[PDB]
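J.: I'd like to ask you about the structure that follows.
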RNA sequence: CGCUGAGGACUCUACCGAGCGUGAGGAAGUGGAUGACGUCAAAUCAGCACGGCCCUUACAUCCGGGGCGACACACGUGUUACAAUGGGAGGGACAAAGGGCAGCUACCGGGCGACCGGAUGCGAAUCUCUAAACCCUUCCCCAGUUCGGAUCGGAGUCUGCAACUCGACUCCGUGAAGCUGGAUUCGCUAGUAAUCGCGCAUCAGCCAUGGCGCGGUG
RNA sequence: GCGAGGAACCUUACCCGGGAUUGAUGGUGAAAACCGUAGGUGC
Ligand SMILES: [K+]
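Chains as they are written, first to last, in the authors' numbering: chain K, 3 to 27, 33 to 77, 91 to 100; chain g, 2 to 19, 21 to 87; chain i, 4 to 108; chain k, 18 to 37, 49 to 52, 58 to 59, 107 to 126, 133 to 134, 136 to 141, 144 to 173, 182 to 203; chain 14, 54 to 88; chain m, 9 to 54, 56 to 78, 89 to 154; chain J, 2 to 126; chain p, 2 to 81.
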């Protein structure tokens, strides 16, 4: 009758703080850090014709897993 | 811009949503019956535009805006999670 | 010699059969396999029976040589005289498979 | 970020909804935005805020062209302090748009 | 205009007789490039 | 940069020659060409010598001495590089069935003291001796 | 017993387990001559043993993942050199004299925007 | 070409007009904009004025035209 | 399988090159981002705003069919080739990043194939999409060829209401110019050039040989 | 191989015509639509 908790967010400090709060709040396995999912967006710097000059933006998703035996905005939970 | 284009897009979306008969005909053969439907009811006439400026090019499905609008909000810190590399 | 065509006598079957108008590499391989002749045999090494088998497979199918030439000419004449878009493109000498001119022939 | 909600792979609708006075999902002097909007409103009603900010370490106030109704466009720096919060405001005067960019380093 | 002349020779003048003022400028450039 | 010993002979000159010979990063192909060429060399001039010794003697024969920048001395590294490049280039230019055969023919000719690479070296020597006054 | 070591080269990773024996080098549950059917690759892998004269004295089990054949062979060579150093610390100067223990950090450069490749540029004209 | 499982694509209204003319037995000219409609054996013997963008090019359908689209006989571009 | 339990791999925390030079011992900087003040009345009123001016029986607005894809030609940027360091046939081996809900599809059955029909798992470190250059054996033996694959004919498969103008892919047939290219001209300096394949954005489908990334050999 | 990182219709601004304002079943029709039961991608 174990419980699986999956936490996703876009700020690593936020995920770590939320996981620590959930752990502190009588047998819970350590938070397993799943591989981070990163996306890169390349956009044109200029609104008109300048193809060479480009800007790069990043969006990261951090995932933690909690196995329990025996919420700040921006964090999605998958309690099951 | 050209608000008539946005009105056209909204009308096309409404006509496409108003769907089940087309799905049933496609599941069957019934191509002669599919010929009878209005052309604006077909989903191929739906074109993705920026949700605020109506720009028909440089679309981004993840955020629903053009590249220029995306760059503006990413620099302004309005899209959560997105940061400059 | 085979269908009125003299083949290269020193070439393998699966290559030398492509010298007939109407047979390529794929058709040559298929013809040899259906006739039961190994494809890596030189033309000069074909037995009389094997040559007969190849000729009989060429017949009854595989419109080749003068028949194919006449068929292609008839198709082109019909296309031109029907006065379709492709017909006028062939009559005037321009690409008709969607290719764009002003840059290439 | 001015928006705080997890919206992975589904940002669009929520972004559109979020887009749809001294104003700065589950001390007006040292505030950049209020300074810029106050300057813009004063310019509508017809820069030297640099002294008002300066316990600010530094403050820069750039004002764009079409100044004072002149035909040409001119940009001025109005640097002060030891500049090494950024706000942008737009004023709709009788001759067009004026851009006021305020940098404040505290 | 712009002469090919291996290395470029570009000039531009704005007037009603640009086709002649540009030629004057380019004559100056060609003489200076002679030696 | 570091140079790996040759797998067969344990030499760096062999690896450098293969590096000059290689196209588009196909070092296995270049090695196969070189080893094959050595095989025809040893099968043809079979000479009270070795297979690699003939190749080394050919490189030494077609190496140049001075180079007109006015004539001046040549560094050993540039000497070796230009010798290898000349051998490979004239082997490519000359006719033949396979690259291994062409290279073997050119190596044998260079050892036997005549060939296009030797003609190039002799011409460079003549052009060098032409300007002895300005030196 | 077992001596553990790891080598890395480009995208290749080699984990080497070394033990007493004679000559069995087994890669991914395959013989060395069957996994690397090239004299150059076999020589690259078995280089440090031939340098230190330790060949015909060990069994090696190798787990390779990632990269191509040359990267994998170089990673295996590095892992074997590190394992030999762990087994006997007095052979470190001999292995350093050939560079078998230096980690080569060369990796594929990222492609840059506005360019066809990492450094190659478009034809300006 | 068109998949054989869907059959041929023929404009239903235009075909209905053609069969109505066939049943009547009269002769006239049928004005159409259906350039993509395939020519069927029922079309033979009639005159169909096909739109090309700014005029109606008249086509007299013969047996060799069966299987061709109506737009192949009404060119849209003028060159000289 | 029970387990691994930290040898890798994941994330998150702490670190590590210290010099007139050399030097030993030790694993031993590069790429990108950020551009003070000046210049081009440089580019964008068709991304978005915005002063002025000009349109209301029309420069506003809905629809169908055309066009943006035409070709005497010229210029620019690329992709294939002109072959032996190569082209076919058969077999063996090695990646990384990234994508996936009407989507990727295990596994069966049909078709030469593009694909189709049942069925399974997966909103996914769990289930799926991912190699080629390379190696081995063999043929072609210097030819406009077993090089090249443009053009054209036929038959199909998908998407879509619809593939004529004007789609992609598949299977037959046909098989052109091209024998390494003058004056001139461009890029790059190490995991780089060169070469090989893989993935993504937009996207019903796709003219994707373009753009943005990844690894292999080097 | 620049806006364009997806022009068959749509996109689409351009052209030719068919309409409409000045902001439930039938018949006809290519559709829009018809008949009965502010805005401007204009300067
Ligand atoms: K579309």
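The beta carbon of each residue, even a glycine, is placed where N, CA and C say it ideally should be.
1. Can you list, in chain order, every residue whose CB sits closer than 7 Å to a heavy atom of ligand 1?
2. Classify residue 85 (chain 14) as buried or exposed, calling it buried when 16 or more other Cβ atoms lie within 10 Å of its own Cβ.
3. Just to confirm my understanding: we take residue 58 (chain p), look at its own chain, exclude 5 residues before and 5 after, and list those with CB closer than 6 Å. What are they?
4. Determine whether the Cβ of residue 29 (chain k) lies closer than 8 Å to any Cβ atom of chain K.
5. Does the distance from the C-beta atom of residue 53 (chain g) to that of residue 66 (chain g) stay below 8 Å?
6. From this set, 75 (chain J), 48 (chain J), 82 (chain J), which residue's C-alpha is nearest residue 105 (chain J)'s C-alpha?
7. Classify residue 73 (chain p) as buried or exposed, calling it buried when 16 or more other Cβ atoms lie within 10 Å of its own Cβ.
8. Within 7 Å: the Cβ of residue 123 (chain m) and any heavy atom of ligand 3?
9. If you measure from the beta carbon of residue 95 (chain K) to each beta carbon in chain k, is any gap under 8 Å?
10. What would DSSP say about residue 31 (chain p), mapped onto helix, strand or coil?
11. Beta-carbon of residue 15 (chain m) versus every beta-carbon of chain J: anything under 8 Å?
12. If the criterion is Cβ atoms closer than 8 Å, does the pair residue 69 (chain K) and residue 17 (chain K) meet it?
13. If you follow the alpha helix (DSSP H) that residue 59 (chain i) is in, where does it begin and where does it stop?
14. For residue 8 (chain J) and residue 114 (chain J), what's the separation of their Cα atoms in angstroms?
15. To the nearest angstrom, how far is it from the Cα of residue 1 (chain p) to the Cα of residue 49 (chain p)?
16. Can you tell which of 50 (chain K), 91 (chain K), 67 (chain K) has its C-alpha closest to the C-alpha of residue 75 (chain g)?
17. Short of 9 Å Cβ to Cβ, which residues in the stretch 43-59 of chain g face chain k?
18. Does any residue of chain p have a CB that is nearer than 8 Å to the CB of residue 25 (chain i)?
19. Who are the Cβ neighbours of residue 77 (chain 14) in its own chain at under 7 Å, not counting the five residues just before and after it?
20. To be precise: take each residue of the stretch 56-67 of chain K, compare its Cβ to all Cβ atoms of chain J, and keep it if any distance is under 8 Å. Which residues remain?
21. Output the residue ranges of the beta strand (DSSP E) runs that lie fully inside the stretch 40-112 of chain J and measure 3 residues or longer, sorted by chain position.
22. Once DSSP output is grouped into helix, strand and coil, what is the label at residue 3 (chain J)?
23. Provide the residue span of the alpha helix (DSSP H) that contains residue 63 (chain g), from first to last.
24. Residues of chain p with CB closer than 8 Å to the CB of residue 86 (chain i), please, in chain order.
25. To the nearest whole angstrom, what separates the beta carbons of residue 84 (chain g) and residue 64 (chain K), a pair I think is in contact under 8 Å?
26. Run down chain K in chain order and give the residues with a C-beta less than 8 Å from the C-beta of residue 23 (chain k).
27. Label residue 132 (chain m) either buried or exposed according to how many other C-beta atoms from any shown protein chain fall within 10 Å of its C-beta, with 16 as the threshold for buried.
28. Does residue 148 (chain m) pass the burial test, meaning 16 or more other C-beta atoms within 10 Å, or should it be called exposed?
29. What does residue 70 (chain g) touch in chain k if you count any residue whose Cβ is under 8 Å from its own?
30. Once you ignore the five residues that flank residue 58 (chain i) on each side, which residues in its own chain have a CB closer than 8 Å to its CB?
31. Residue 59 (chain m) to residue 53 (chain J), Cα distance in whole Å?
32. Going by DSSP, name the residue or residues bridged to residue 59 (chain p).
33. Within 10 angstroms of the Cβ of residue 19 (chain J), are there 16 or more other Cβ atoms? Answer buried if so, exposed if not.
34. May I ask you to verify whether the stretch 20-34 of chain J touches the stretch 55-63 of chain J, counting CB pairs closer than 8 Å and requiring at least 3?
35. Could you say which of 39 (chain g), 68 (chain g), 3 (chain g), 6 (chain g) lies nearest to residue 48 (chain K) if we only look at CA atoms?
36. Please confirm whether residue 68 (chain p) has its beta-carbon closer than 8 Å to some beta-carbon of chain g.
T.: Judging by the given coordinates:
1. This criterion selects 46 (chain g), 48 (chain g), 49 (chain g).
2. By the Cβ-count criterion, residue 85 (chain 14) is exposed, with fewer than 16 other Cβ atoms from all chains shown falling within 10 Å of its own Cβ.
3. Sequence-distant Cβ neighbours of residue 58 (chain p) in its own chain, meaning closer than 6 Å and more than five residues away, are 51, 75.
4. Answer no: the Cβ-Cβ gap between residue 29 (chain k) and chain K never drops below 8 Å.
5. Yes.
6. That would be 75 (chain J), whose Cα lies nearest to the Cα of residue 105 (chain J).
7. A residue is called buried once 16 or more other Cβ atoms fall within 10 Å of its Cβ, and residue 73 (chain p) is buried on that count.
8. By its list of ligands, the structure shown excludes ligand 3, since it contains just ligand 1.
9. Residue 95 (chain K) counts as touching chain k.
10. Of the three classes helix, strand and coil, the one that applies to residue 31 (chain p) here is strand, per DSSP.
11. Among the residues facing chain J, residue 15 (chain m) is included, as its CB has a counterpart in that chain under 8 Å away.
12. Yes. Within cutoff.
13. Per DSSP, the continuous alpha helix (DSSP H) segment holding residue 59 (chain i) begins and ends at 51-61.
14. Residue 8 (chain J) and residue 114 (chain J): Cα-Cα distance of roughly 33 Å.
15. With chain p covering only 2 through 81, there is no way to say anything about residue 1 (chain p).
16. Ranking the options by Cα distance to residue 75 (chain g), first place goes to 50 (chain K).
17. For the stretch 43-59 of chain g, which is checked against every Cβ of chain k, the residues closer than 9 Å are 53, 54.
18. No, no contact with chain p.
19. There are no such residues.
20. Interface annotation for the stretch 56-67 of chain K against chain J: 58, 59, 60, 61, 63, criterion Cβ-Cβ distance under 8 Å.
21. Within the stretch 40-112 of chain J, the complete beta strand (DSSP E) runs of at least 3 residues are 59-66.
22. The DSSP-derived three-state label of residue 3 (chain J) is coil.
23. If you look at residue 63 (chain g), you'll find it isn't in any alpha helix (DSSP H); DSSP assigns it neither H nor E.
24. Neighbours of residue 86 (chain i) on chain p, chain order: 74.
25. Contact holds; Cβ gap of about 5 Å.
26. In chain order: 10, 11, 12, 93, 94, 95, 96.
27. With a threshold of 16 other beta carbon atoms within 10 Å, residue 132 (chain m) falls short and is exposed.
28. Sixteen is the threshold: since fewer than 16 other Cβ atoms of the shown chains lie within 10 Å of the Cβ of residue 148 (chain m), the residue is exposed.
29. Counting only Cβ-Cβ distances below 8 Å, residue 70 (chain g) has no contacts in chain k at all, with the closest Cβ about 15 Å away.
30. Scanning its chain for C-beta atoms nearer than 8 Å, with the 5 sequence neighbours on each side dropped, one finds around residue 58 (chain i) the residues 5, 6, in chain order.
31. C-alpha separation (whole angstroms): 30 Å.
32. In DSSP, residue 59 (chain p) forms a bridge with 50 (chain p).
33. It counts as buried.
34. Contact between the stretch 20-34 of chain J and the stretch 55-63 of chain J is present, because at least three Cβ pairs lie under 8 Å.
35. When each option's Cα is compared against that of residue 48 (chain K), the closest is 68 (chain g).
36. No, no contact with chain g.
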